[PDB]
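Comments concern the structure below.
Read-outs throughout are calculated quantities, based only on the coordinates presented, and are distinct from any laboratory measurement. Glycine gets a Cβ as well: all are built from the backbone with ideal geometry, and neighbour counts include every protein chain shown.
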Amino acid sequence: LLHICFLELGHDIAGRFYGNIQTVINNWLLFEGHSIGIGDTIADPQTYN
Amino acid sequence: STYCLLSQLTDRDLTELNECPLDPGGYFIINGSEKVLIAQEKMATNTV
Amino acid sequence: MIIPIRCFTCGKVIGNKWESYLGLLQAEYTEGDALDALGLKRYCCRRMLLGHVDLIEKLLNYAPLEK
Amino acid sequence: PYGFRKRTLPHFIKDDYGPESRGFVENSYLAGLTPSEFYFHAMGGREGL
Amino acid sequence: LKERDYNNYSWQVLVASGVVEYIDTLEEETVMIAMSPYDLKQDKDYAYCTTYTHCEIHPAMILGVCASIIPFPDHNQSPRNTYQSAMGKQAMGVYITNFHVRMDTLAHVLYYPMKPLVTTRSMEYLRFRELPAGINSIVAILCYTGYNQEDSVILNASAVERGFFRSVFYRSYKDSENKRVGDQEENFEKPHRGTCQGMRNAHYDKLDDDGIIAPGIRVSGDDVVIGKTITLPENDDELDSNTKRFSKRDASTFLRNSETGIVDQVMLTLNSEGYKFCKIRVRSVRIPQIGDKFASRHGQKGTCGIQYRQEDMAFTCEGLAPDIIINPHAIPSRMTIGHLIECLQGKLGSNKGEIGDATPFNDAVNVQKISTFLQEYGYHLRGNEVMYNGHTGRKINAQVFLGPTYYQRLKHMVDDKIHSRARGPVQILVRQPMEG
Amino acid sequence: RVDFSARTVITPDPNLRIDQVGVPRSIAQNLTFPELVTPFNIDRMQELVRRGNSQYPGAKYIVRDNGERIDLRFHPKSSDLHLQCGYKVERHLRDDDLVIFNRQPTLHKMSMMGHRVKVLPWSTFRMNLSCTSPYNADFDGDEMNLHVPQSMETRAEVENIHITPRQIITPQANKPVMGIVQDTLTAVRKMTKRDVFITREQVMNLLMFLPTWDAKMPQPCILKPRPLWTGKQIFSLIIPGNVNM
Amino acid sequence: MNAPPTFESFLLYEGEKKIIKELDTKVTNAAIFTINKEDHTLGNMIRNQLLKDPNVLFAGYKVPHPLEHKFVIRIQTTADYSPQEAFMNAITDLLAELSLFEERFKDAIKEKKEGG
Amino acid sequence: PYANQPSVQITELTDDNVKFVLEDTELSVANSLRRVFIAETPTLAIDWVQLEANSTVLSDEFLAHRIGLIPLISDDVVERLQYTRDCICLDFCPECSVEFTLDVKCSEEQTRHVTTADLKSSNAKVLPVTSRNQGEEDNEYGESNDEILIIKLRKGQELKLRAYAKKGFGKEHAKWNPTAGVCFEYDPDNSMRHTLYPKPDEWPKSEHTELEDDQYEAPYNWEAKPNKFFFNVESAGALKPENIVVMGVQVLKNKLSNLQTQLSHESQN
Amino acid sequence: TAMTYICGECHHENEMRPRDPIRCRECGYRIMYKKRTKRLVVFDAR
Amino acid sequence: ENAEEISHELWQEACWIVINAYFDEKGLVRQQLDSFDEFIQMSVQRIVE
RNA sequence: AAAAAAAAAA
Ligand SMILES: [Zn+2]
Ligand SMILES: [Zn+2]
Ligand SMILES: [Zn+2]
């Protein structure tokens, strides 16, 4: 998407699109959240067997 | 070491001389600078 | 070298609960019963007392500069 | 490699080609390693540096 | 060996009893050594070996000093263990107990050194319980506003204002007079404008009558700190006797420009040459800020991206604001499961009230056992907690992993590394800028 | 070695755009931009040299036509503070100043960009996260350098060549060098999922962080009984122009 | 050495207006209110009191930087009702609601202390 | 478009802790109430430190930081005292700051535990929290050292200091924080699915739950809105928790009235 | 003026003009420390 | 005779007591002091003899 | 003020 938005729109529009992604995504991540833990490292006991 | 003044001293005797009882030593004092000697690897002599 | 005044994560005052913690520990209590007797129901305040070292006792053993 | 006389470690037997003495790790990092395979992981991790 | 704590049954008696032998690396090719007596009690039908000559006391002693400080090093990566051994010497803490009388050129002392709640049995003999370096801190593993990306961490401003990793940096300066019979004569006294030639623009009023500052005086900028004036050579020109307006020259010792603080200790003595010898120690306050280098006990190095107050960051249902927040994306690439086991055992030992054991190659410590013991204390068995938004108060949709770990500050502060230059000195040979 | 340069430890800053760098206040006071004196901005440079080096923003030197340098630190004479047309004033680094941003070692063309100065209080360098891939930065104690152009035609060269959005595609392998990484990419993956049903209030929160938005909100995917959007509908507002893929 | 003062998070500087109003030109009856030296608290209160009004079509706060204590609210209403009047009614309703909160809390403390 | 009509239900009240339930109000109300209770609630704490004798084993700034974190009883004092910037005074007027003194010299062979009781106050009401601990003559706990230990001294060490305590709130510095952890919780049964449990059976039940033993999550209600909130405000000893609530609400009055005044000032343009 | 120092092991107030050699007059110890100043400097409690 | 055999948890406790006795007697810098004593006492006499 | 050596970070 980044390559074709550079090639079809220009340098400044793509560069603004880069910054327009990250602020909205990081503000949505406040609502959603993302976290790894020790429970993600443990599978099913049948899978372990 | 054996021949130093801090040989077999207690914690109270080291503390009265303003020395750390937990200090292991192992260094020389050269012109007020603590110098440590690093062991150097070498080949075993008289070995074929 | 000394107990802090307040809990870092929590803000609860912990400066008055260190010598009482030592006095509870020395008689017959364990660490958990001493922390429960001090009212530190949260583990955030309990970790300020479980791992605390008192290095000012070793500092006070040295002779002072001024008599 | 056989650093000792036909042994990777003195805790194994001479002329042993089994996966315990070879360097194969049968346990995960979550389960924990035996000291021999932890030493073999040190062997592997030194080579990258 | 339970009554050598009482009187006398020392280790040399155990060696002389015939049960412990000094086997070198050349004799290891001809002997048979085992992990444990459990290898000795195996039946002969499935025995790996039947002729055992030696047995290891404990395998965890194959590590050194700075590599044995890692809680559960067998659950981590060997290059990351090497990294933790490399930056284990760069931790901050109380290096010695008599630092108040010692004179070191660069020193750092933490306010509240913490012993590790998750510890091994190896640091009992390295005296890390009595002389620690690092702080047990509550950490969660989540993503908050994207400022923690690329190994970065975010501290809690309210905890740092309460004293979280605040330290003191001690810097020592020294000077000495020279009264050699053939030499220019220098003396320790307060310099004067009409008697000293080439005086640098500094505040000379802080010095005493002997040219040596008193302890407790605040110094900042380029303040003069040791006043030494050297006698000028006898260039008595007979063509013009009015040109000798100064008989001395300023040879003073000045404070470093980008450092401020309070003069801690002032020392005068006699050197080996018998002249006056001054040594001064000045203390400065190092508050954690943005860009200060922190590290874990598992190689999780990073810098402080931003600071957040308690009202503007995440809190649990119990109102617990963590001291520090990290990036989950630094976990799988570095391959640090032992950090998660340390966090879980820290939560278990802080809820229970016990010092956790993190001895490697120990079958008595398991992830499932720690989970089962943590389930009984009214928390989630994987250590996950439900937190809330700081700005809005909404529940986080993904549950997050929280608990106390042991983090170590590093000496690579941004105050000791910031540099800027517009125009300055040039070299006497090539007229190029300086170095350092 | 160069004269006008600085170097410090870098820290992330997600809300900054990629063509901007966060500059500490002491570095911006120490480093100076030698601006010429024009009749268009005679009053602003006059108030800058009246403020001087003691207050930010200000100036440190006036270099006139015959090469004479007038300082501001040692209480300058008011008769020496004359700004004729064509003089030189070394002002402080204000906002929107084009600078050179370089991490060592520089292995390729993309490891030094041009950036616009935004002044931030703290003593670290602040920049966008997508700079981490061309710079090969890790934010683990990375010391990194900044340089200030001392001629404004070189500043024009920085704008027309050295700027970041003009250097998006490498000629090495005809690919971009910056990209969406880390938890931003993880939440992009978790946000475009079909089961992500997002309310009016949350997309309302997400609306103001799009400065290129045309203030025309979309009709929701779900209209009854509750107005709900979706992740693709709000990523559609981020994508500009005609994009087919 | 570059640490900002801790009192700048709530104190305006010399000649710094607290509220700056900018008229939006993309759509009609839209405005942006910029408030300095505060945080998400007041903006969240203004927003979640404005969202109960059916007369408004757009009410939103945004903090552009955590290091800059400043936040903006874009408000667009219908063509019978000013955004400034909408914000005025929002803060009036907020003051009335938390005055009711203050008096119900005072009554609760009085009855809890008298009841034993 | 009008204001809400909320309701109160206090479940627990003591000297340093209060527990209550708010009904029929927005989530931003509860979140900002927690924010103003932690941050913007003012109290009195030591700010201006002057040392005349520091012959102990600790530095000046460490002792100043330790005495700055000590809570003070300021329940009836903080509403009348003004800030330093809001006074026409310059040399620390009594309506602007509270004077504290300390002068302890140890001449005994045992360790002298200098605590908050040696910190004398010029004001008759502005006292540390240990005034609540010195009156306990029924001490069956076994230890009478309930005071905050400031420093330990040996023989030959002395400490003399003069301090001025000013008015401030926790946003400026954390030594002015009146609370010790504010617990806030909404929807303990996850009826709204604001959080997503992969395994709801692995999570322990909250104390404000309404489900039975074999039920782990409430049924999903898309029509449900946040209107019931549980608060547990614990005091750090500086202020009474209901007084913390009262001054937080008064700070909210001051902030919203200032916004209204600024809007009415800038509207005439 | 002729001012004072503290001996390293005597902890004694030794006073002299600043041209005398560094020597204790009771035990003869080359180590002396300077007294803390009487100037009062303001410390903030933050 | 089987009462002298050490059980499993007794083996871990006993081996850590052995490590405690070893670190109580020898310490951590034993080789430096031992080599210094070898250099001072026997080596200098061998040089001058 | 130069040069040499050592310790490190990326
Ligand atoms: Zn706490
Ligand atoms: Zn006043
Ligand atoms: Zn003496």
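Here the label points at D:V25 and H:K199, each 7 Å from Cα along the C-beta direction, are separated by 2.5 nm in the simple model. For chain A, the calculated P(r), taken from all Cα-Cα distances in 5 Å bins from zero up to the bin holding the longest distance, is 5, 15, 14, 10, 11, 11, 9, 8, 8, 5, 3, 0 percent. Considering the options F:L228, D:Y29, F:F101, tell which one lies farthest towards the positive end of the dipole of the protein assembly as shown, charges being +1 on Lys and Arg and -1 on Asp and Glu at the Cβ, about the Cα centre. Checking the options against the dipole of the protein assembly as shown, the answer is F:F101.
Taking only Cα atoms, what is the 0 to 90° angle, nearest 10, from helix E:78-88's long axis to the longest principal axis of chain E? Taking the Cα atoms of chain E, the angle to E:78-88 is about 40 degrees. Averaged over peptide E:253-262, the number of partner chain Cβ atoms lying within 10 Å of each residue's Cβ comes to 1. The residues E:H108, G:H69, when put in order of fewest to most other Cβ atoms within 10 Å, stand as G:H69, E:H108.
Computed from the alpha carbon atoms alone, the convex hull of segment E:218-336 holds 269 Å³ per residue. As a rough footprinting exposure proxy, the listed residues F:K216, C:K67, I:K35 were ranked by other beta carbons within 10 Å of their own, and the order from fewest upward is F:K216, C:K67, I:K35. If you count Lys pairs in chain G whose Cα atoms are under 21 Å apart, skipping same-chain pairs closer than 8 places in sequence, the total is 14.
Once every DSSP H run of n ≥ 4 in chain H is given -39500 (n - 2.57) and the sum is divided by its residues, what mean residue ellipticity at 222 nm do you get, rounded to the nearest 500 deg cm²/dmol? One gets -6000 deg cm²/dmol as the mean residue ellipticity at 222 nm. Taking a point 7 Å out from the Cα of E:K179 in the direction of its Cβ, the residues of segment I:1-33 whose backbone N falls within less than 15 Å of it are I:17-24. Cα centroid separation, segment E:336-406 to segment E:234-264: 64 Å. Computed from the C-beta positions of G:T34 and G:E85 and an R0 of 22 Å, the FRET efficiency is 0.75 to the nearest 0.05.
Within a straight-line Cα-Cα reach of under 25 Å, E:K244 can be paired with the following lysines, leaving aside sequence neighbours fewer than 8 residues apart in one chain: E:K179, E:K190, E:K228.
Estimated at 0.36 nm per residue, the fully extended path between F:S133 and F:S54 surpasses their Cα-Cα distance by 24.5 nm.
Would you mind estimating how fast chain C diffuses translationally, via Stokes-Einstein at 20 °C and 1.002 mPa s with the Kirkwood radius over Cα pairs, in µm²/s?
Details: Rh = 13.0 Å.
Result for D is 165 µm²/s.
Entry note, chain G: the mean residue ellipticity at 222 nm calculated from DSSP H runs of n ≥ 4, each adding -39500 (n - 2.57), is -13000 deg cm²/dmol after division by the residues and rounding to the nearest 500.
Of all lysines in the structure, the ones whose alpha carbon falls short of 27 Å from that of D:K6, not counting any fewer than 8 places away in one chain, are B:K42, D:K14, E:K41, E:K44. What shape does chain G take by its C-alpha gyration tensor, where a ≥ b ≥ c are the square roots of the eigenvalues and a/c under 1.5 counts as rounded, a/b above b/c as prolate, and the rest as oblate? Oblate, because a/c is 1.5 or more while a/b does not exceed b/c. Ellipsoid semi-axes for chain F, based on the Cα gyration tensor and the rule √(5λ), read 43, 22, 16 Å when sorted largest first. For chain I, averaging the sequence separation of C-alpha pairs within contact (under 8 Å, six or more residues apart) and dividing by the residue count gives a relative contact order of 35 percent. Note on chain H: Kirkwood radius taken over Cα pairs, Stokes-Einstein applied at 25 °C and 0.890 mPa s, translational D equal to 111 µm² s⁻¹. Taking 20 °C and 1.002 mPa s as conditions, segment F:129-225 diffuses translationally at an estimated 119 µm²/s according to Stokes-Einstein applied to its Kirkwood radius (Cα pairs). For segment E:345-429, pairs of C-alpha atoms spaced more than 22 angstrom apart make up 56 percent of the total. Take each residue of peptide E:371-383, count the partner chain Cβ atoms within 10 Å of its Cβ, and average: the result is 3.
Spin-label model, B:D13 to E:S17: label points 7 Å out along the Cα-to-beta-carbon direction sit 3.0 nm apart. Using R0 = 60 Å, the C-beta based FRET efficiency linking I:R25 and F:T38 works out to 0.20.
How about chain B: which GluC sites (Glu not before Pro) there are in a DSSP loop, with at most 14 other Cβ atoms within 10 Å of their Cβ?
Those that pass, being in a loop and sparsely packed, are B:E41.
Rounded to the nearest 10 degrees, the angle from helix E:338-352 to the longest Cα principal axis of chain E is 80 degrees.
Would you please state which residues of segment B:7-48 a label at J:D37 would reach in this model, taking the label point 7 Å out along Cα→Cβ and a backbone N cut-off of under 11 Å? Those under the cut-off are B:8. Remark: for residue pairs C:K67/I:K34; H:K125/H:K240; C:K41/H:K19; H:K167/I:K38, the C-alpha separation exceeds 18 Å in H:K167/I:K38.
List, in the order given, every pair from E:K174/H:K175; C:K17/E:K89; E:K248/E:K279 whose Cα-Cα distance in the structure shown is over 28 Å.
Correct reply: E:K174/H:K175; C:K17/E:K89.
Normalising the Debye intensity of the protein assembly as shown to I(0), with uniform scatterers on Cα atoms only, and taking log10 at q = 0.05, 0.09 Å⁻¹ returns -0.45, -1.48. Think of it as helices only: each DSSP H run of n ≥ 4 in chain E is worth -39500 (n - 2.57), and spread over all residues that comes to -3500 deg cm²/dmol at 222 nm. Taking a straight Cα-Cα cut-off under 17 Å and skipping sequence neighbours fewer than 8 places away in the same chain, the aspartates and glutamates within cross-link reach of H:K105 are C:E66, H:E52, H:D60, H:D118, H:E158.
So what is log10(I(q)/I(0)) for chain E at q = 0.11, 0.13 1/Å, when the Debye sum runs over its Cα atoms only? Debye intensities relative to I(0), on a log10 scale: -1.00, -1.18. Using the Cβ-Cβ distance between F:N242 and F:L81 with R0 set to 60 Å, the FRET efficiency from 1/(1 + (r/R0)^6) comes to roughly 0.60.
Of the chymotrypsin sites (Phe, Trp or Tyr not before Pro) found in chain B, those that fall in a DSSP loop while having at most 12 other beta-carbon atoms within 10 Å are B:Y3.
Which of E:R162, F:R166 has the fewest other C-beta atoms within 10 Å, and how do the rest follow up to the most?
Final ranking by Cβ density, sparse to dense: F:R166, E:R162.
When the Cα atoms of segment H:133-237 are aligned to their principal axes, the ranges along those axes come out at 69, 39, 27 Å in descending order.
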